[PDB]
């Protein structure tokens, strides 16, 4: 039942047709400077397997890869593009990416290989990658015969599935979303990842040493106050010290045992001096283990750069994620952790970091979609939205809004931006679910348009089976009809929140595409380095800062036209820390 193909010893003309399904296999999860283990090509002339050493050395094949007029259909083209970039080879003409197509059709399926995408259309003549390569320590590239058949079968699947996937995308009015947004963005992400971000390793190592000293000191104080040594990082061992030896009250429990989360510890601080030290230990340990040690582990020793990998096909909101290292959660709230950003520097001499972020894009999107008169007017006046929200829900003038009032209004807005439940709000504000509900009710009284939107979108999700974003991204919500309160409730919150978060995701993605086109037209050397949800980070010659101050915000603010203005703040400096 095997599939016929040619195990080529050399590249031939028929292998270079103007349309083909192409597989450039990179098995390592992190594809940066990784091996390409095999190549498969499927076109009108047949199916072929090529050894990388020969194909990638062949002038004709390389030229074919870089020829934009020679169209290729692939799965996870970014992976191939980046691996090739590390080899000095350009990949152009990718007209269809099955990974992104499957992702847009249904992001909940978690499609991570050709077999999974193929199963969506009842095509199963291809094996899952895990079945071929294995997992974990058992992972390995199989003998050529097995490897070759697998790559050819993946190419064959891509060749066959392009049409049915494009047809459904078209039916969903998502064809442009794929071809004009996600695929072009994939190439931009490839460039960003390959460029990488330069790291001041000496700085990190310095901080690391200072942290180690501070950790040792606090660690000893903890054992001193506890009257014995124990594993502080062990909730079980810590729980015994706090709730048994010291008799602190148990305010919250977890499946396993006593909760020792920061939230719980804060409340116990008044009872014993050991508590504040545990909190301080947790903070220092977080910075040391996750950030300092974590970053140093993935920095390339030769260039001192980190090359993250953006997962463009994971979230059901349409936002991008980042891994190895995750550069979307570097500390900023507290000054101590914020200092870590001083370690991210420009990659060239006399260059600077330029960062631009949307100001409240989620709430502005909500104002637009819900057509709430009060919210739209607030943004048209460029009001401090948290202060404004406080004025309305607490019924007071601007000068009557106290700091605590603004903080709680901000939390209410935070809940709307991330679609948290009333229990979530209650927990965040440390108040009763009942009081949190009253805040929500007060908010809806002040923003009736938002209330109407929330009611209507849940109804629409139920009727159609999914909700959509500004650029037609879709999220199916089968749990919307569940008779299990918690399950149904979460689905309703996602129905309300996905159009907001998802539309904001669509906007910044388009902004990235528009920005790169503008940078090219303007002949600027400036280039994108990172995307952190509502923020874009670039680096460029110091001589280009003034031009970027006008160009970047303009492009970002004009990415789309909403019923309210889009506002972008920006700053630049010698390090990411200073770009604020």
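Numbering follows the first chain given and starts at 1. Here the rigid core means the biggest group of C-alpha atoms that line up within 1.5 Å when the two forms are laid on top of each other.
*Asks:* Which stretch is more displaced from the shown form in 8 other deposited structures of this protein, 233-241 or 444-452, with RMS over structures and residues of Cα positions after a rigid core fit?
*Replies:* Greater root mean square C-alpha distance in 8 other deposited structures of this protein: 233-241.
*Asks:* If you line up the core and then measure how far each C-alpha sits from this form in 8 other deposited structures of this protein, which stretch comes out higher, 506-514 or 412-420?
*Replies:* Taking the RMS over all superposed structures in 8 other deposited structures of this protein, 412-420 lies farther out.
*Asks:* Do the CA atoms of 185-193 or those of 168-176 have the higher mean B-factor in the entry?
*Replies:* Result: 168-176.
*Asks:* Averaging C-alpha B-factors over each stretch, which comes out higher, 279-287 or 90-98?
*Replies:* Higher mean C-alpha B-factor: 279-287.
*Asks:* Looking at 316, 231, 122, 323, which has the biggest Cα B factor in the entry?
*Replies:* Comparing C-alpha B-factors across 316, 231, 122, 323, the top value belongs to 231.
*Asks:* I'd like to know which of 478, 502, 346, 424 has the highest C-alpha temperature factor in the PDB entry.
*Replies:* Most elevated C-alpha B-factor of the set, per the entry: 424.
*Asks:* When the modelled residues of the chain are sorted by Cα temperature factor, does residue 305 land in the lowest, middle or highest third?
*Replies:* Bottom third by C-alpha B-factor.
*Asks:* Of the three thirds of its chain by CA temperature factor, lowest, middle or highest, which one includes residue 438?
*Replies:* Residue 438: CA B-factor falls in the highest third of its chain.
*Asks:* What third of its chain, lowest, middle or highest, does the C-alpha temperature factor of residue 364 fall into?
*Replies:* CA B-factor rank for residue 364: lowest third.
*Asks:* Determine, from the deposited record, the chain-internal third of the Cα B-factor for residue 17: lowest, middle or highest.
*Replies:* Within its chain, residue 17 is a highest-third residue by C-alpha B-factor, going by the deposited values.
*Asks:* Place residue 11 in the lowest, middle or highest third of its chain's C-alpha B-factors, as listed in the PDB entry.
*Replies:* Its C-alpha B-factor belongs to the highest third of this chain's values.
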